[PDB]
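In the entry's author numbering, the protein residues as written are 23 to 336.
For reference, the structure discussed in these notes is given below.
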């Protein structure tokens, strides 16, 4: 019938095809803050043209001051400290570093890096555990080793960079704890909608949070996956507001825009189209999930609910 239901198109891809091959530089550290740093309490800004949105429209801000959420890109330990210091001014509640990265990542001599593979799919198809297992080993194996760490440029291949003998090896968790942030990991594969597993995990985590918890989501670039969860929490926590208000709202503060829009990639990025389209349909299904489990505390697992309310492709 359906080998892969809408929302799992990525399962049809072959892991053995995007294995890691270089340590990517996640952030060079020139900035005091990570890229795309945004807060739920920020003021809404002008939309991006590409998204063909109505700049004259004014989204509700209902529940945003209480949403208590932030997003951003990968960071250097110093930057996490700046982020945390900055969030502390807005809460006496514990600040979580919600790592949404499935790809193996950590710090080498304080330098943020990750094991990069084609399409950042070096851990594609792995269970969360296997994913983190790879992370620990890859990281630990670098200690006292001569590594090549590089940024990506043309064609997403290494370009320039540096080579050194790692003396200190750190884990996101270690850096975050040290920054005074609680750590929570959700290994979501890059460019695609999160698996029902990723979302179940988040739901379970969401339900347990202290009323005054501040969530700082972040992926590699801080746009795709990170906006995904900022949008989910927004709905989850403020189910009164409209799909439109939240999508618009989450975008106008610095996030990606999760509504239909003239998708226009380049010949070399054509593979991404179906994934942008799959995401657009799945944010819409998550909204529906919420409205339907609003009454309870979202006690019904999303994965189970998805199987009996499959999404139609659009």
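Every residue, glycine too, gets a C-beta built ideally from N, C-alpha and C.
Please name the residue, chosen from the options, that lies closest to residue i on a Cα-to-Cα basis.
| i | options | result |
| --- | --- | --- |
| residue 122 | 69, 90, 228, 216 | 216 |
| residue 113 | 252, 290, 328, 203 | 203 |
| residue 100 | 32, 137, 56, 232 | 56 |
| residue 322 | 272, 285, 273, 221 | 221 |
| residue 177 | 299, 289, 49, 31 | 289 |
| residue 246 | 42, 130, 142 | 142 |
| residue 148 | 299, 264, 41 | 41 |
| residue 241 | 232, 285, 252 | 252 |
| residue 96 | 291, 107, 244 | 244 |
| residue 27 | 174, 211, 180, 303 | 303 |
| residue 219 | 327, 318, 335 | 327 |
| residue 45 | 77, 59, 130 | 130 |
| residue 67 | 275, 292, 313 | 275 |
| residue 164 | 137, 150, 154 | 137 |
Classify residue i: buried if its beta carbon has 16 or more other beta carbons within 10 angstroms, exposed otherwise.
| i | result |
| --- | --- |
| residue 324 | buried |
| residue 301 | buried |
| residue 185 | exposed |
| residue 134 | buried |
| residue 90 | buried |
| residue 207 | buried |
| residue 43 | exposed |
| residue 197 | buried |
| residue 24 | exposed |
| residue 94 | buried |
| residue 78 | exposed |
| residue 292 | exposed |
Thinking residue i and residue j are a contact (beta carbons under 8 Å), I'd like their distance in whole angstroms, please.
| i | j | result |
| --- | --- | --- |
| residue 226 | residue 29 | The Cβ separation is near 19 Å, so there is no contact. |
| residue 128 | residue 157 | 7 Å |
| residue 283 | residue 120 | About 26 Å separates the two Cβ atoms, so there is no contact after all. |
| residue 115 | residue 235 | 5 Å |
| residue 39 | residue 140 | 7 Å |
| residue 297 | residue 213 | 5 Å |
| residue 146 | residue 232 | About 34 Å; that fails the 8 Å criterion. |
In the DSSP assignment, find the unbroken beta strand (DSSP E) run with residue i in it and report its ends.
| i | result |
| --- | --- |
| residue 95 | Note, residue 95: premise wrong, no beta strand (DSSP E); not H, not E. |
| residue 127 | 127 to 130 |
| residue 184 | 184 to 187 |
| residue 238 | 236 to 240 |
| residue 47 | 42 to 47 |
| residue 204 | 204 to 210 |
| residue 319 | First-last for residue 319: undefined, no H or E at that position. |
| residue 285 | Looking at the DSSP string, residue 285 is not in any beta strand (DSSP E), and its letter there is neither H nor E. |
Name the two residues that bound the continuous alpha helix (DSSP H) containing residue i.
| i | result |
| --- | --- |
| residue 246 | 246 to 259 |
| residue 10 | This structure leaves residue 10 out entirely; the chain is present only between 23 and 336. |
| residue 121 | Note, residue 121: premise wrong, no alpha helix (DSSP H); beta strand (DSSP E) at 117 to 123. |
| residue 326 | 324 to 329 |
| residue 312 | 295 to 315 |
| residue 197 | 194 to 200 |
| residue 230 | 218 to 230 |
| residue 269 | 265 to 274 |
| residue 57 | From DSSP, residue 57 is part of no alpha helix (DSSP H); its letter is neither H nor E. |
| residue 153 | 150 to 164 |
Are the C-beta atoms of residue i and some chain D residue less than 8 Å apart?
| i | result |
| --- | --- |
| residue 32 | Checking the listed chains, one finds no chain D in this structure; it contains a single protein chain. |
- Message: Check whether the stretch 173 to 192 and the stretch 54 to 72 are in contact - that is, three or more C-beta pairs closer than 8 Å.
- Response: Pairwise C-beta distances place the stretch 173 to 192 out of contact with the stretch 54 to 72, as fewer than three of them are shorter than 8 Å.
- Item | Any 3 or more C-beta pairs closer than 8 Å across the stretch 64 to 82 and the stretch 167 to 174 | The stretch 64 to 82 makes no contact with the stretch 167 to 174: fewer than 3 CB pairs, one atom from each, lie closer than 8 Å.
- At least three beta-carbon pairs within less than 8 Å, the stretch 250 to 267 to the stretch 47 to 56: Because the criterion of three Cβ pairs below 8 Å is not met, the stretch 250 to 267 and the stretch 47 to 56 do not touch.
- Would you be able to state if there are at least three C-beta pairs under 8 Å between the stretch 306 to 315 and the stretch 260 to 276? Short answer: they touch.
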